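Have a look at the structure below before the remarks.
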Amino acid sequence: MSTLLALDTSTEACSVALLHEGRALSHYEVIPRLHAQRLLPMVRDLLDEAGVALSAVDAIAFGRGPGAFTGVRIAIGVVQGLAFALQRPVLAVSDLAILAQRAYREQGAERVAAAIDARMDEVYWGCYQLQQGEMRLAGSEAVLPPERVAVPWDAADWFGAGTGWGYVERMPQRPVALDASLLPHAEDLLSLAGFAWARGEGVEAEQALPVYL
Amino acid sequence: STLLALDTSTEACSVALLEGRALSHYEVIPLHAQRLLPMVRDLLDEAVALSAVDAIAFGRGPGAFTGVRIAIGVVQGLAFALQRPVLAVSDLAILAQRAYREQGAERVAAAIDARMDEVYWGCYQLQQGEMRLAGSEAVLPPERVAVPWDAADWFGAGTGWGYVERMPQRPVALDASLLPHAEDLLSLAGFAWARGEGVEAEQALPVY
Amino acid sequence: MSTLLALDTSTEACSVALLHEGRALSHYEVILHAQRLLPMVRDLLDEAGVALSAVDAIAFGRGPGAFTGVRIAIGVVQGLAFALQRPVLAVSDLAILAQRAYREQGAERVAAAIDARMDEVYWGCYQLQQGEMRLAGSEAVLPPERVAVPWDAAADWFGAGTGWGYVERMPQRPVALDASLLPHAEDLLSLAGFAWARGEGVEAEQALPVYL
Amino acid sequence: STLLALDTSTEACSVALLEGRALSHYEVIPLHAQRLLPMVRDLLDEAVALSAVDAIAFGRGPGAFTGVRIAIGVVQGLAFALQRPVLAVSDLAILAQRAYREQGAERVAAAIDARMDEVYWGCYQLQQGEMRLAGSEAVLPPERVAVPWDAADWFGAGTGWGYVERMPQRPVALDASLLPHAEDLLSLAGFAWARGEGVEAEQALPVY
Amino acid sequence: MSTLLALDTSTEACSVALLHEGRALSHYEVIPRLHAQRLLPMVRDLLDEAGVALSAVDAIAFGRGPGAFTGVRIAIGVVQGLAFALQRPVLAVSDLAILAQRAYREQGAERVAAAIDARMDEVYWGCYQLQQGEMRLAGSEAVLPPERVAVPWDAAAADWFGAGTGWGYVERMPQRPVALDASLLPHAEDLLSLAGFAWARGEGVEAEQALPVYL
Amino acid sequence: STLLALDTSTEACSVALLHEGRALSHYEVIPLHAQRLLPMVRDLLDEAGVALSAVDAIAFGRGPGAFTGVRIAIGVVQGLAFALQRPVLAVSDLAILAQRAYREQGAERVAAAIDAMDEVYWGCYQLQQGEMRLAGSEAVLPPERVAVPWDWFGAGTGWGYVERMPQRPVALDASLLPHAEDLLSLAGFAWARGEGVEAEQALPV
Ligand code: NA
Ligand code: NA
Ligand code: NA
Ligand code: NA
């Protein structure tokens, strides 16, 4: 039924995805910070390949951060512009959540501690737990030095996801399994956006905003 | 009486008002020093004069260190210039009252996520119309957390319940995503105002 | 009939402006633009009672200026322009200063300087040609000591922009200067007028910042 | 005109007021949500009606993340209920004006200590009666700090000058212990008010 | 009979051109994109549009500057890489000459003083005069403060045109022409015209050889 | 797989080839890259008895490093790949340093640094199955702000600004530059994972 567009430029990965008639399509490229250069062309190519008009889009999902300061904000701008002009709602979704949901798609983890490298020798951190198909946040998200990091579980199997885990040796807990290369991917944003769209969580374009931690 | 209710203690930003009618505005976005005042103005006009307000209620915390303090400063300012009293209410209590209104929970163990791998903890039991603190509020690791009832049927409300697995006891049902809501603060303020609990603007302060 | 929307967030100023049926409206506020720019755009179209569908091109400040601020404008403009299928008009923020200084003080020769990161200034010199401040030479990012005008030693010229807080380290200085001017969308719009008239518009995808 | 001036951006807590007379109250203690409002009341009475105030000035920062925000919230509240405009002023500028009034410095490199081993940096030059920003304010490591004058005679004011040894240039004289003072904010507000720079209570916000 | 590919990325403009069987074809695009993105796609599009295979190219011309020494560097590398792989000669051509050839094509000017803005209060300077359809340098190019630039013809009696961004400095120059165009930029089509004259003289350098480009 | 690898990221100029599982390399320090790179490619090719048409993919140092030298190697690579119709492999110069310092000094973990005005290019790498993989993220920072993600080596031009790092290492080489053989190593890893891209998309950091 619902046609949803998903954009993420919060990290080194620039990706875009489209839900249309139950089918999901994605483009994903890693570049460094040429995002402004490549985000629209990608939307254009995806719509073109799918044969979907932009007017067909019911809502635009975006990675709201945390991640790169300028990166995140490029996504925000494009999305703001698109949704205001179309007069459609937007869905803000955490990049830590996107990480979590990807680790669930690719590695089958149901309990993920998402961590993203951050400026000034901290990392962004949020732990997620599968609930009815959706990785949902457990506790709160934060920017912490890797030393002060902690899980909300006890004996439980969990996964370390994201480039924050480059700091694993400096961190209290080590998980049974881990992936420190993993980036937010728009395909997974699209899944999360679906759950949010089902609960009707969409907002006006003016409120498409980045997070502060 | 006409009462005004503000809360910025969590991700949630919320304002509410009580002539005899009761209205609420609730927006989840982390910024609070930007959207608070507008929400006030939007509500006063879409319902009423500001100088008609007899008292102002607020979340005193616990919660976000800066968040609670923004609401306090606003309330401190509003009330001083108006020369009206204020109504200090706990955010754990608001959660309690919310879980009552929403799911009919008469016994609510409220837990809000705190810094440094801890939770703010408070247990509330429905007395007359109101959730009321059973014992005292604390800041604890999740493994040291405890309830004052026998385990009876009780509810877990708030973000602190992300740590449920690490706690020594779990309720039948719980909502890990509940946040303090200004409507519920307003209910709680009714009880406090009717009991003459108001204080002068200066004494409006966050909890420690 | 050409209707032009103009956005600028390159510096602490956030401004929008509209050109419709030979009329020019503009708002300007000095204060996180991501919160403010789009609401301003809304209020403005409302105040002029115009619809976004009417707009033929969107003009923007392409920098130089704040790295992230420029990018916020570029992102919104890209997004508006793509959904609307309209072309975009890139205009320099140094040019906008020059155009403002001409409007506000009659200066026909303006050395625009915007304070840049790491003890440098963005520098560009402009002179009036048929009512448009046009670039004379190149824009650059320079230490203030290495800054130079393309004109003969005082006709008079004017120093415009926050780069002029460095006037004492510069090898020369004008008779008059305003180190407090910021880009203003009304001037962006005047400039846009000229660029639209020469068909300088480009696809939404190409709305990008400059690097100096 | 009658103007009110608050600042809680540093350790210092300070309030000041301008009928034609000018009075100041200044106390150094780290708490601000407690002593601010009283200082307001003490000053209004030992001099004047609150509803007589035409505008309110405040330190917008930089400084203490929570500190600045407490003053903002107070000012946001006061001004809204009074329905008067507000006057945003930088704390680095206040330092500049203070070092002028106190030691006669016409060129002041203001530096306030910041988190994460950095300093807030702003250079000010006396123009007409007022210190005015030369270039822009920044948050820098002390080794990257730079002045916009030739080295002429200039002054270093504020806590950021604890890091002087790590900076690439040092002035003839400096005061590492200066803090923003409400008197000086009030001077700076005069210039801003006379230029019609006031804004509506909501737009009162801290700097980033 | 000769097939030449031409590209220029020395300024804000990216342009590409092709001589094939006596016909010229060119695309010119002015954009803020970094060239690295757009130069190859433009080459691709032009070849496909003309129906010419890369392997049919006899030689490749490029503007060797002066100009933005980022876009010039891009050009030097692409062309050297394309030519190393094809094993075909390279034809370095001055951007000051390209301007002259352009002012001649567009404006009819047979004597052109090309000037391009340079770093640090200087301009790149070169004077050009028509010979047999080709604008030809007289006598060398320099990077000079604007007060020292000079023309080799009589500044007043002769008819000459000023071309390029350096003419921003015209007030500081010891002479000026009746007409100038300080916005004029290099165009690959005029690079092509000049490449043909150079090719016809047996110019052309293997990619391996030291390139007559001094940056 | 026949792989060709090029670096002019810094002052050093180097090229390498992997043909028939043999790895060959030419290294030369010369402050002149738009002049010596292609000769080096041709010489190395002769010495391997390989024709450029044999090559399946072309690796290059994408930076960071000297802005001129990087932009030329990028351009050369794009040109080669467009004409041969071959994919390209972008590899960080900081990773290349880290791979060199492993091969040469045995270092199982490296903190690569390259001088940029004031700031220096920073990246920390760890060995994982013979490949020096990035730990956190690469960054441009002033020398003082530099952090580490952890018996660890310090590599590159940027370790000349050692004082107030704040951390000093076990051992270090402040004159270590990127080397094509180590770019080659890293490329083989990238190749094997299907990381190749179009010539069009070869771009610097
Ligand atoms: Na980090
Ligand atoms: Na500067
Ligand atoms: Na060009
Ligand atoms: Na010049």
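Just so you know, ligand 1 is whichever comes first in the structure, and atom 1 is the first atom listed for that ligand. All heavy atoms count here, side chains included; hydrogens, waters and symmetry mates do not. Letters A, B, ... mirror the listed sequences (proteins, then strands); counts begin at 1.
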Quick one: are C:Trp164 and C:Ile114 in side-chain contact, heavy atoms under 4.5 Å? no
The test is side chain to side chain donor-acceptor pair (under 3.5 Å); show your working for E:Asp117 and C:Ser138 and say whether it passes. CA-CA 7 Å; E:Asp117 195 12; C:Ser138 285; 3.0 Å; yes
Between D:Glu143 and F:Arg145, does any side-chain N to carboxylate O distance fall below 4.0 Å? no
Just by distance, with hydrogens left out, do E:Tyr128 and E:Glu141 show a side-chain donor and acceptor under 3.5 Å apart? yes
If only atom types and distance count, is the side chain of A:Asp8 paired as donor or acceptor with the main-chain N or O of A:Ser10 below 3.5 Å? yes
If you measure from the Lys or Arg side-chain nitrogens to the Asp or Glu carboxylate oxygens, is any gap between A:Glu122 and A:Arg170 under 4.0 Å? no
So what's near the Na ion (ligand 4), protein N, O or S atoms under 3.0 Å? E:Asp117 OD1, E:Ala118 O, E:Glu122 O, E:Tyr169 OH
